Amino acid sequence: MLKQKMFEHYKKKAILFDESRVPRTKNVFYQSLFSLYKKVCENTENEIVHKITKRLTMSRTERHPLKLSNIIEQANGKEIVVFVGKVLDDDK
Amino acid sequence: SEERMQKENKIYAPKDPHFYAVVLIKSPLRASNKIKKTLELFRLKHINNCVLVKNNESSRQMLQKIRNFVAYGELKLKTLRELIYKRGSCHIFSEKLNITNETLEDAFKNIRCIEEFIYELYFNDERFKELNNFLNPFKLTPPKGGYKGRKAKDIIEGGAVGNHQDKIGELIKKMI
Amino acid sequence: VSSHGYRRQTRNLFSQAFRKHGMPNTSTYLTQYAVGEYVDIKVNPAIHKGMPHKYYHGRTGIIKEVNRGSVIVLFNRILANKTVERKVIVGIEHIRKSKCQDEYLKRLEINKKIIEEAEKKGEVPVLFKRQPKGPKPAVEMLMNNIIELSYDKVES
Amino acid sequence: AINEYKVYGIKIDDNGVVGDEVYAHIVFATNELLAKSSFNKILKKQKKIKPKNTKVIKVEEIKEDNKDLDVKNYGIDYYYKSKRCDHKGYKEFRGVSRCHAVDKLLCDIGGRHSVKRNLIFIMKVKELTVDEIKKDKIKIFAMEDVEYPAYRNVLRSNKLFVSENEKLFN
Amino acid sequence: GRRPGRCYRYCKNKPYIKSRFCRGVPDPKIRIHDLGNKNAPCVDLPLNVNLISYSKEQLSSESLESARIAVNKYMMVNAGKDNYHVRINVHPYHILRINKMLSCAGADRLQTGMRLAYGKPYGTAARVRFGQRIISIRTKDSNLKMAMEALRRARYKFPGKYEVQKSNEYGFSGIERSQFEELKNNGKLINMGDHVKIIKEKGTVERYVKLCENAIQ
RNA sequence: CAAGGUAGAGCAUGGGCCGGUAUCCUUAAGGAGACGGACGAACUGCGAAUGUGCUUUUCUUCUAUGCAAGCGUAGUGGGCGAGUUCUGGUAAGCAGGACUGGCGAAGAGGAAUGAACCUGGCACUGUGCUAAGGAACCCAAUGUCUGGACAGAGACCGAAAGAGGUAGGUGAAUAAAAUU
């Protein structure tokens with residue numbers, strides 16, 4: 001009983017936002033957007049929102065770009081897709 | 001029961017208890033890494049800490065390795081009550097808290113007062129893990145009136161470490 | 001100073017037991033092996049092809065590949081404070097089937113029954129775990145037949 | 001101070017009460033734990049049952065009456081370990097209890113032979129009449145023939161300094 | 001000459017024996033181990049007395065030889081040649097070593113100091129432990145006080161503690177006196193010089209018969 | 001569930017010391033011997049404890065203020081000591097290995113003093129309690145009971161060998177208090 005309870009707690013804490021991280025950019029438009037997501041996280045458990053908020057804090061190199069065709073390849077039949085980064089053209 | 005048994009010239013000896021109580025008597029700072037790991041698994045960290053452990057073959061072999069640091073034995077109900085009432089406390093995950101009705105009801109859906117807690121802990125074997133892992137280790141004072149001999153000798157040799165059997169209550173009662 | 005040949009220090013190891021010299025028995029050659037079995041290495045000094053290096057003697061590993069008269073076995077080893085996998089070639093005369101999985105396989109046979117019923121009637125298996133030996137049991141004693149003990153032996 | 005206890009115990013294996021015998025042992029010790037220790041020691045040396053296969057069913061204290069503190073004569077059979085070997089002997093004492101007799105032996109051997117109390121073993125304790133006495137030491141006191149005066153002075157007051165003209169001792 | 005006895009007293013090193021690996025070893029000084037009336041039948045000399053060790057150390061072949069002479073001369077003068085047998089039980093199998101160095105040291109072509117220090121054979125000793133029997137006598141029962149005094153003289157030739165003690169055994173048999181008489185009567189003993197063989201109901205019957213016609217009675 | 005040949009124990013192949021009854025062979029010496037005692041780091045017929053590896057969380061117990069692939073880059077590569085053990089040496093505060101904690105890089109209270117020993121790991125304050133070690137006085141806290149011991153002894157301190165004095169144990173005698 002207890003061993004399961006413990007593991008299910010660890011799995012959750014591994015998803016949630018840390019709240020002692022902050023983006024290094026001095027851009028006030030970027031820092032505005034982070035503030036919104038931060039205030040949403042402390043009022044929800046939904047995994048997509050937590051993932052998005054963690055990714056806004058990562059570096060330029062961690063936010064590596066994708067080409068249009070690769071988005072479609074990974075979209076797996078969904079209608080809306082979300083990406084913390086820049087979308088480039090595929091000439092092919 | 002004792003009357004019925006004696007009235008037919010027979011002796012009855014009850015089953016050994018499900019849990020022992022352990023107290024850390026002397027400093028572990030120069031013990032080997034194998035000893036330090038064993039103390040960690042029993043949740044013992046500072047001098048005069050006290051903790052409850054399941055009586056079981058694994059536990060009995062762990063105790064054999066650490067016997068030169070710890071006093072251990074069995075605890076009857078009267079002393080268990082004085083411990084929990086005077087020095088008990090608990091935790092949810094990383095929050096430390098006092099034992100109150102709200103906190104019991106939250107953690108264990110059917111235990112509602114501190115007296116029901118003590119009753120289940122003593123009489124129900126199959127819930128021991130959940131019931132024990134809610135309590136924090138007890139933080140005791142050194143014994144009133146001191147120790148009589150060199151505490152690092154075995155109890156048989158006149159010190160303070162080892163198996164005190166039915167008589168650990170006397171050590172604990174001076175340390176609450 | 002010591003030397004570093006392939007069979008250094010193997011005077012005690014790699015020698016036959018008393019009254020057990022000679023070639024292997026038929027059972028050695030008629031045993032069939034399969035990928036994924038656990039197997040145990042014990043060198044026979046009378047056979048000079050397909051011998052492993054003496055570090056592996058008495059160790060147990062898992063069969064990765066099977067050939068005409070030899071087997072490839074996977075091992076792990078610590079070198080420079082890191083873990084390394086090693087792939088050891090051994091002839092069939094130097095191996096025996098390991099007993100290390102025996103109890104677990106019996107337990108799986110019991111679990112395999114319960115896990116089916118757990119879908120039909122319950123929802124989750126009881127799963128039949130082992131438990132370590134508990135406290136000493138209770139006893140009722142008749143109290144005739146008492147035996148006294150005494151320091152009668154003076155031990156000059 | 002020393003006390004007298006009687007310990008009872010049985011053998012057990014993977015299952016209960018594997019033998020129908022019960023074993024007993026009378027012992028002089030300071031407490032119950034030192035009593036239980038002795039029971040384990042004797043079982044392992046006279047039989048071969050180690051603790052993991054034993055269970056103690058009972059421990060009882062044995063006590064006398066002697067409301068009037070009447071004085072009695074006792075003889076004791078003992079052995080002790082030295083640097084050479086084990087030494088057996090017999091000695092006689094006077095007192096108000098078996099335990100009073102036993103505490104005087106333990107003190108004696110520690111004084112005369114430089115031995116810690118755990119290296120001394122009591123074999124037998126017997127109460128005796130005047131015709132039974134063997135050795136010289138106690139017979140005069142047993143036959144009721146002794147008086148003597150006081151050799152030690154005793155202080156009159158707890159004060160450290162007193163006037164020259166006061167009485168100082170007894 | 002020789003180094004003093006303190007240099008080689010305790011059993012510091014492992015045993016080291018004359019063999020293919022160790023050559024150029026000198027002969028031990030003791031060569032003679034039995035004295036007196038060697039072949040006297042077991043029944044004829046009942047009393048047994050021993051020198052016993054209360055120490056663990058090495059005994060030189062030079063010390064063993066000096067003790068032999070001491071014990072023997074006394075018994076021979078007092079007991080008479082035909083009334084006693086002495087045995088020295090221990091044999092000096094261990095080899096001692098020396099790392100020999102020059103007096104005019106400080107500078108030489110020879111490799112000086114602790115360079116290449118492993119030593120050469122020097123002499124031999126016997127290795128001994130607690131409760132061991134070092135010297136043993138058998139005699140007539142009249143000669144107790146004589147045998148005691150003979151063994152006393154050995155006690156001053158060896159380092160450490162040793163005690164003179166009297167035995168329960170008959171002769172150089174391993175049998176207690178009480179038991180020996182009980183087997184002697186009832187026909188169970190065969191003489192083999194200084195000791196006895198016991199007859200048992202173990203073999204073929206025609207052998208049992210052939211043994212029993214030879215018994216001591 | 002595997003592997004191992006050390007301590008102990010032994011002397012059945014190989015090396016190797018001393019003495020043997022009957023009997024046997026010759027001599028009229030000696031030799032062999034049905035057996036006993038003594039032994040090996042490179043002898044083994046038997047064999048521990050402690051340590052090593054494999055599987056199972058479908059196995060107790062702990063666990064997030066925790067682990068952490070990958071990438072970039074520092075210092076270090078004269079060590080020394082305690083406990084347990086080993087090799088060379090007459091030994092050494094000597095030279096050289098192995099295992100578990102230290103000082104290096106560790107203060108505080110205690111062994112009068114001391115890198116490493118005993119207690120025990122340090123932010124900054126206040127009230128209580130204990131450890132190790134102490135308790136006539138220097139110096140915060142001391143007394144009691146029972147035996148020994150007379151040497152400018154001991155509390156701090158050396159061998160083989162011994163007599164004397166005194167306190168006890170056990171075993172032999174003798175006894176017209178006892179004595180040896």
# chains A, B, ... in the order shown; residues from 1 in each chain; ligands from 1
>>> residues_around(residues="residue 167 of chain D", least_positions_apart="6", cutoff="12 Å", atoms="only C-alpha atoms (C1' of nucleotides)", output="CSV table (one decimal) with N, CA, C and O atoms, in the first residue's frame")
chain,number,residue,atom,x,y,z
D,154,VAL,N,33.9,8.0,67.8
D,154,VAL,CA,32.7,8.5,67.0
D,154,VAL,C,32.6,10.0,67.3
D,154,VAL,O,32.6,10.4,68.5
D,155,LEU,N,32.3,10.8,66.3
D,155,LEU,CA,32.2,12.2,66.4
D,155,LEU,C,30.9,12.7,67.1
D,155,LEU,O,29.8,12.0,66.8
D,156,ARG,N,30.9,13.7,67.8
D,156,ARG,CA,29.8,14.2,68.7
D,156,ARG,C,28.9,15.2,67.9
D,156,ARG,O,27.7,15.3,68.1
D,157,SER,N,29.5,15.9,66.9
D,157,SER,CA,28.9,17.0,66.2
D,157,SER,C,29.4,17.1,64.8
D,157,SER,O,30.6,16.7,64.5
>>> interface_residues(of="chain D", to="chain B", cutoff="9 Å", atoms="only C-alpha atoms", output="number ranges by chain")
D: 33-34, 37, 56-58
>>> residues_around(residues="residue 91 of chain C", least_positions_apart="5", cutoff="10 Å", atoms="only C-alpha atoms (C1' of nucleotides)", output="ChimeraX atom specification")
/C:41,43,47-52,67-72
>>> closest_atom_pairs(of="chain E", to="chain F", cutoff="6 Å", atoms="only C-alpha atoms (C1' of nucleotides)", output="Markdown table")
| residue | atom | partner | partner_atom | distance |
| --- | --- | --- | --- | --- |
| E:7 | CA | F:90 | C1' | 5.1 |
| E:33 | CA | F:18 | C1' | 5.9 |
| E:90 | CA | F:38 | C1' | 5.9 |
| E:191 | CA | F:21 | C1' | 5.7 |
| E:192 | CA | F:21 | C1' | 3.9 |
| E:193 | CA | F:21 | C1' | 5.0 |
>>> interface_residues(of="chain A", to="chain F", cutoff="10 Å", atoms="only C-alpha atoms (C1' of nucleotides)", output="list in words")
residues 3, 6, 7, 9, 10, 13 and 14 of chain A
>>> closest_atom_pairs(of="chain C", to="chain B", cutoff="9 Å", atoms="only C-alpha atoms", output="tab-separated table")
residue	atom	partner	partner_atom	distance
C:132	CA	B:57	CA	5.8
C:133	CA	B:57	CA	5.4
C:134	CA	B:56	CA	4.6
C:135	CA	B:16	CA	5.5
C:136	CA	B:16	CA	5.6
C:137	CA	B:15	CA	4.9
C:138	CA	B:15	CA	4.2
C:139	CA	B:13	CA	5.7
C:140	CA	B:12	CA	4.8
C:141	CA	B:11	CA	5.3
C:142	CA	B:10	CA	4.8
C:143	CA	B:10	CA	5.5
C:144	CA	B:9	CA	8.2
>>> write_last_selection(atoms="C-alpha atoms", output="CSV table (one decimal), in the first residue's frame")
chain,number,residue,atom,x,y,z
C,132,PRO,CA,10.5,-12.9,7.0
C,133,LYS,CA,10.2,-15.0,10.1
C,134,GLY,CA,8.1,-13.2,12.8
C,135,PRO,CA,8.3,-13.2,16.6
C,136,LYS,CA,8.6,-16.4,18.8
C,137,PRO,CA,5.2,-18.2,19.1
C,138,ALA,CA,3.0,-18.7,22.2
C,139,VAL,CA,3.0,-22.0,24.1
C,140,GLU,CA,0.9,-23.9,26.7
C,141,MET,CA,2.8,-26.3,28.8
C,142,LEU,CA,1.7,-29.2,31.0
C,143,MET,CA,4.3,-28.7,33.8
C,144,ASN,CA,4.9,-32.3,34.8
>>> select_by_dssp(residues="chain D", states="strand (DSSP E or B)", output="PyMOL selection string")
chain D and resi 3-11+22-29+54-61+72-81+86-95+120-128+155+169
>>> interface_residues(of="chain F", to="chain C", cutoff="6 Å", atoms="only C-alpha atoms (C1' of nucleotides)", output="number ranges by chain")
F: 1, 3, 55
>>> residues_around(residues="residue 82 of chain F", least_positions_apart="6", cutoff="12 Å", atoms="only C-alpha atoms (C1' of nucleotides)", output="ChimeraX atom specification")
/F:100-103,116-117
>>> write_last_selection(atoms="C-alpha atoms (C1' of nucleotides)", output="PDB file, in the first residue's frame")
ATOM      1  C1'   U F 100      38.184  -0.012   8.742  1.00  0.00           C
ATOM      2  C1'   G F 101      37.970   4.963  10.925  1.00  0.00           C
ATOM      3  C1'   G F 102      41.328   9.709  11.629  1.00  0.00           C
ATOM      4  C1'   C F 103      45.150  14.329  11.336  1.00  0.00           C
ATOM      5  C1'   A F 116      46.706  11.571  15.442  1.00  0.00           C
ATOM      6  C1'   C F 117      44.206   8.740  22.425  1.00  0.00           C
TER       7        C F 117
END
